[PDB]
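Participant:
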Amino acid sequence: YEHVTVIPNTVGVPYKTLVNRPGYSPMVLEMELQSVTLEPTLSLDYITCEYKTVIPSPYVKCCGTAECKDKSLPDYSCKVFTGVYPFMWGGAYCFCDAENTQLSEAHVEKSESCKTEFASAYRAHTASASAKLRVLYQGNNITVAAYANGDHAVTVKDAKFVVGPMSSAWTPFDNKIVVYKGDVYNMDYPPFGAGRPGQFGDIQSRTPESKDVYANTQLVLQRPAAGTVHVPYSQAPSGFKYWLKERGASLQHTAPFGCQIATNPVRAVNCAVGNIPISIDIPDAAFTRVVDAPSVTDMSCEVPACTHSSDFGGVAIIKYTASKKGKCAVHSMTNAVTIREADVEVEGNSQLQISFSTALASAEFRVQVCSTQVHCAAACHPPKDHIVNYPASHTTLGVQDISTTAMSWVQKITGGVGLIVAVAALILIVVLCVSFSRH
Amino acid sequence: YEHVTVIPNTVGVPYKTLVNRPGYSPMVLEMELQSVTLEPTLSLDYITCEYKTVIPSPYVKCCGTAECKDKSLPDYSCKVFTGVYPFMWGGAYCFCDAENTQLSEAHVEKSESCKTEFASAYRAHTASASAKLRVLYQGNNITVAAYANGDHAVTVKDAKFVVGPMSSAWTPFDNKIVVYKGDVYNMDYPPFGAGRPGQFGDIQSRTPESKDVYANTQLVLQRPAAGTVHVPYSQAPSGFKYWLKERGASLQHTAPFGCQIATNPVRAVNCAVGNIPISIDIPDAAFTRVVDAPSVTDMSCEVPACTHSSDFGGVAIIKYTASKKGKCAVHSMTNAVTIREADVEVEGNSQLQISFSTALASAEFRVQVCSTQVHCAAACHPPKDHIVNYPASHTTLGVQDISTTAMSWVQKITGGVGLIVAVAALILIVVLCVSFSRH
Amino acid sequence: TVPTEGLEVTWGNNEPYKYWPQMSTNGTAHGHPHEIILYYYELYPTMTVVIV
Ligand SMILES: *[C@@H]1O[C@H](CO)[C@@H](O)[C@H](O)[C@H]1NC(C)=O
Ligand SMILES: *[C@@H]1O[C@H](CO)[C@@H](O)[C@H](O)[C@H]1NC(C)=O
Ligand SMILES: *[C@@H]1O[C@H](CO)[C@@H](O)[C@H](O)[C@H]1NC(C)=O
Ligand SMILES: *[C@@H]1O[C@H](CO)[C@@H](O)[C@H](O)[C@H]1NC(C)=O
Ligand SMILES: *[C@@H]1O[C@H](CO)[C@@H](O)[C@H](O)[C@H]1NC(C)=O
């Protein structure tokens, strides 16, 4: 026996549905949602870290001229300076008073610490979905866990469940993201091989264990000072350090709809969009025949208090007469009122008590207890506190919901004005007939 | 200097482009495509294989009644029979001539060979692309390799190339595919947990090393024959074996556009759709000034043979007078004619020879050699062979391309008819003017 | 039959073959009017009838 329902995507609020099969007693179910997760597909592009500069000892050749050759290492440079005259702690280095020369060189490498401090660039694609549910079944709690599409079925206590698909495809991620130790940012990084001297991406590599490195920093050598031996240079500072000081706020603090974000693996948790359909199959052994259930013959209703707040602020008292002891279900027949209890116990001649929640100013609703109906009515007062810490447990109201007193005044005014037009219309018709006939 | 061009997606046909920069001599490049590859992103769902049935020894209990209990193994079954009287090789087994019973049981497991013979079900998403080229650059061949999107740049011999993106998103794979030992199929496999008794998907598992198995094969026990000890049963035969004998043709033999398919990893190669843009940056040291190049002052053209086949069926001779020894480029100024040679060497007072291919019945085109132009014209004949083994090397024709003799005939017929209308209209105008004045 | 775009044929365990068509005709594009029409008819059959 198949049954289909639809529930909105909100966490922490229970819902109820009614199953009615001819020949058997009605049965009421309750469901509550505990988590929803989305997870995209990722591919890696490159990584970035700090860099290091390597400079060997200079070469001083006196009474001669030096020269240098080219090499293939990244950011290589060589220069030759004339007219030098170094000093040391013991005196002058070389005899000749002129025609001395100095040679200098340097190149750029990749730092060793890149295996612990690095950032990574990705591309994102379509995501999947998963969910977790709690169901009250046959007087006990059970849990189910499944994928949110039509391609999965689970069986708990001889019952099948199918969840999904979802009604919306909204995702908080763009095509390009960048990840760093628990934080995710949206960024449009420069392409591979097109870095800049002082921004994010001046040095690049394909994987932390690669040997190929691309670098686009500036390196210019300078003339040494008189009487000293050293190798000065000019170079733009690192770009990865600057980004750590100027990155700003991450997605966890800016994302819409109240989503949460975790990074191992990258996921989004508890985003409130749309609704989820559900399908359930119940075996024949779970029902009770109508001849065996007790019957109820006389009903009454009395309500002593009502305040239409966001919590359960009603109380009702119902009297009954029952044929024999057993169980029964309770269910509301209006959409504006919700009832907490699912089952009640009946015996002999007694009374039972229930509680409810509503947003209507004037209350009128019906209650079903084992194939019988009863009518209740009341007047409700407003609350006194302004702000709470939990969402409402009732539905919103429409334009047709109006207090009983207010409805009476509109009828009187509309009727009174309408009568004047009616009496005027009859007079005009009588006169017009006499003119037409007499001529 | 930046240059942009567009190349059609065809393998095995060279193409040429012209670079023109004021103040310098022109340059010609030649490009040719060798391979294009597409590769999707995959995700695993479940795997299937063959099964095994387990039957332990029967229990024959004489002069009594037996019973059996329930268990959790897949496809478990029990039954108890009465009225048995088994035999062995030495005589009857037990004394009593009645009140004997027999018990039997069986269940289903996963066969050992699932680690070698299995099939896998996947889910597919968007694909990436890659490409490889050969370029003729200053008299030498160089090769480039890059991804077919705008986020990659490569540098070879101080020149930077950027390729992509593609003009079409067509792919030969659907959302669901199946792979088995080098063949790929398009199939809509059943949901997990919803198998069928005699088709693909009766046995399901999540990983070849996992312990959870789902089975939906029918199994019913039957009554033993008189005087024998054995355990008969009835069962639907395996669905994996049936699929192997009637699976049909693969994707390689049925795909459109001439694509080829490989499986480790899954790829598609050499599909002919769309076109590819290319961008190239040329440095300043590669150019030559106008004053250093030679100059050519007198020219004439003659065409001794033409035949408009799919190969190079033309020959031409050009006379020239040059100022000094050097090099020059050759380029065609029309779209319907292609010239094979890229550069020549000129000196003194001599002649040079070239070849071309075209689809026109009457050939007229212009040739440029180091900033000067000449005019050629000839008539062409059709070939004799019907079918060849290679594609054409020239472009298709339009409506404006018509032989000179055919164009002459249209002009005489059209012009003559127009005269009869023109002379007749003048008579009407004059005769109308006289009547207007006469009144 | 060999279309404009080509045909591919496979035989047993061997490698496939490829074929492409090539222009040929019994008319001539220079000469008397009735010989010119036959040239274009055998190359573009459907367009020649419509225009004429
Ligand atoms: C821990 O250090 C290893 C390298 O030693 C690094 O791969 C890993 O990312 C680090 N994890 C954290 C949380 O810092
Ligand atoms: C578990 O079931 C009991 C009734 O047996 C119910 O009172 C309780 O609320 C259920 N658990 C939760 C978390 O609601
Ligand atoms: C070879 O056997 C191993 C298991 O022993 C299996 O994983 C693999 O797929 C086999 N190779 C092929 C080509 O089937
Ligand atoms: C390499 O360049 C030569 C010209 O020097 C050319 O003839 C040849 O075709 C090129 N190689 C290939 C594989 O095309
Ligand atoms: C042209 O004439 C030849 C004469 O043998 C004939 O075989 C052929 O079918 C004709 N048509 C074409 C298109 O060649």
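Protein chains in written order, with PDB author numbering: chain C, 1 to 439; chain D, 1 to 439; chain P, 320 to 371. C-beta atoms are modelled at their ideal positions from N, C-alpha and C, and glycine is treated no differently.
Are the C-beta atoms of C:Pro277 and some chain D residue less than 8 Å apart?
Facilitator: no
Participant: Does D:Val154 get closer than 8 Å to chain C when you measure Cβ to Cβ?
Facilitator: yes
Participant: What residues of chain P sit near D:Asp183, judged by a beta carbon separation below 7 Å?
Facilitator: Simply none; closest approach about 15 Å.
Participant: Would you list the one or two residues that DSSP bridges to C:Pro208?
Facilitator: Looking at the DSSP assignment, C:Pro208 forms no beta bridge with any residue, so it has no partner.
Participant: Which residues, taken in chain order from the stretch 349–369 of chain P, show a beta carbon closer than 7 Å to some beta carbon of chain D?
Facilitator: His349, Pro352, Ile355
Participant: Using 8 Å as the limit for Cβ to Cβ distance, is C:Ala119 near chain D?
Facilitator: no
Participant: Please list, in chain order, the residues of the stretch 359–379 of chain D that have any C-beta partner in chain C closer than 7 Å.
Facilitator: none
Participant: For D:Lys384, which option in P:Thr323, P:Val328, P:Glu327, P:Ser343 has the closest C-alpha, if you only look at C-alpha atoms?
Facilitator: P:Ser343
Participant: For D:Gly193, decide whether its Cβ has a neighbour in chain C, counting only Cβ atoms nearer than 8 Å.
Facilitator: yes
Participant: Give me the residue from C:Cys370, C:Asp311, C:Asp188 with the minimum Cα distance to C:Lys327.
Facilitator: The shortest Cα separation from C:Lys327 among C:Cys370, C:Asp311, C:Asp188 belongs to C:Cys370.
Participant: Going along chain C in order, which residues have a C-beta closer than 8 Å to the C-beta of D:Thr41?
Facilitator: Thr41, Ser43, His125
Participant: Is any heavy atom of ligand 2 found at a distance shorter than 7 Å from the C-beta of C:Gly12?
Facilitator: no
Participant: May I ask you to check if the CB of C:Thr116 is nearer than 7 Å to at least one heavy atom of ligand 3?
Facilitator: no
Participant: Less than 8 Å between CB atoms is the rule here; does D:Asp151 satisfy it with respect to chain C?
Facilitator: yes
Participant: State yes or no: is the beta carbon of residue 268 of chain P nearer than 8 Å to at least one beta carbon in chain D?
Facilitator: Shown here, chain P extends from 320 to 371; a query on residue 268 of chain P therefore has no answer.
Participant: For a test of your reading of the model: does the CB of D:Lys110 fall under 7 Å from any non-hydrogen atom of ligand 3? Yes or no.
Facilitator: The answer is no for D:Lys110.
Participant: What residue ranges within the stretch 54–112 of chain D form continuous alpha helix (DSSP H) runs of no fewer than 4 residues, ordered along the chain?
Facilitator: none
Participant: How many Å lie between D:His125 and C:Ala119 at the Cα?
Facilitator: Those two C-alpha atoms are separated by around 26 Å.
Participant: Below 8 Å, how does it come out for the stretch 362–369 of chain C and the stretch 40–57 of chain C: are there three or more Cβ pairs, yes or no?
Facilitator: no
Participant: Ligand 4 and D:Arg340: does any heavy atom of the ligand fall closer than 7 Å to the residue's C-beta?
Facilitator: Result no, Cβ not under 7 Å from ligand 4.
Participant: Can C:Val315 and C:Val330 be called in contact, C-beta distance under 8 Å?
Facilitator: No Cβ-Cβ contact shorter than 8 Å links C:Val315 with C:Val330.
Participant: When you measure from the CB of D:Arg134 to every non-hydrogen atom of ligand 4, does any distance come out below 7 Å?
Facilitator: yes
Participant: Compute the Euclidean distance between the alpha carbons of D:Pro304 and D:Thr41, then round it to the nearest angstrom.
Facilitator: 58 Å
Participant: Let me check understanding here. Comparing Cα to Cα, which of D:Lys319, D:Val388, D:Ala336 lies closest to D:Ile354?
Facilitator: D:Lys319
Participant: When DSSP builds the beta bridges, which residues end up paired with D:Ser323?
Facilitator: Checking the DSSP bridge columns, you'll see D:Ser323 has no partner listed.
Participant: Whose CA, out of C:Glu364, C:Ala361, C:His375, C:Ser77, lies closest to the CA of C:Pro232?
Facilitator: C:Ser77
Participant: In terms of residues, what are the limits of the alpha helix (DSSP H) holding C:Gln411?
Facilitator: 404–438
Participant: Which runs of the alpha helix (DSSP H) at least 4 residues long sit entirely within the stretch 213–262 of chain D? Give them in chain order.
Facilitator: Residue ranges of uninterrupted alpha helix (DSSP H) with 4 or more members, entirely inside the stretch 213–262 of chain D and ordered along the chain, are 239–245.
Participant: Are the beta-carbon atoms belonging to C:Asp281 and C:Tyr1 less than 8 Å from one another?
Facilitator: yes
Participant: Do C:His394 and C:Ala361 have their CB atoms nearer than 8 Å?
Facilitator: no
Participant: For D:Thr41, which three-state DSSP category applies?
Facilitator: strand
Participant: In this structure, how does DSSP classify D:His375 when only helix, strand and coil are distinguished?
Facilitator: strand
Participant: Closer than 7 Å: is that where the CB of D:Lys157 sits relative to any heavy atom of ligand 3?
Facilitator: no
Participant: Could you spell out the range, first to last residue, of the beta strand (DSSP E) harbouring D:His3?
Facilitator: If you look at D:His3, you'll find it in the beta strand (DSSP E) that goes 2–8.
Participant: Just checking, does the stretch 15–25 of chain C make contact with the stretch 162–176 of chain C on the three C-beta pairs under 8 Å criterion?
Facilitator: no
Participant: Against chain P, does D:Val388 count as a neighbour if the rule is that its beta carbon must be under 8 Å from one of theirs?
Facilitator: yes
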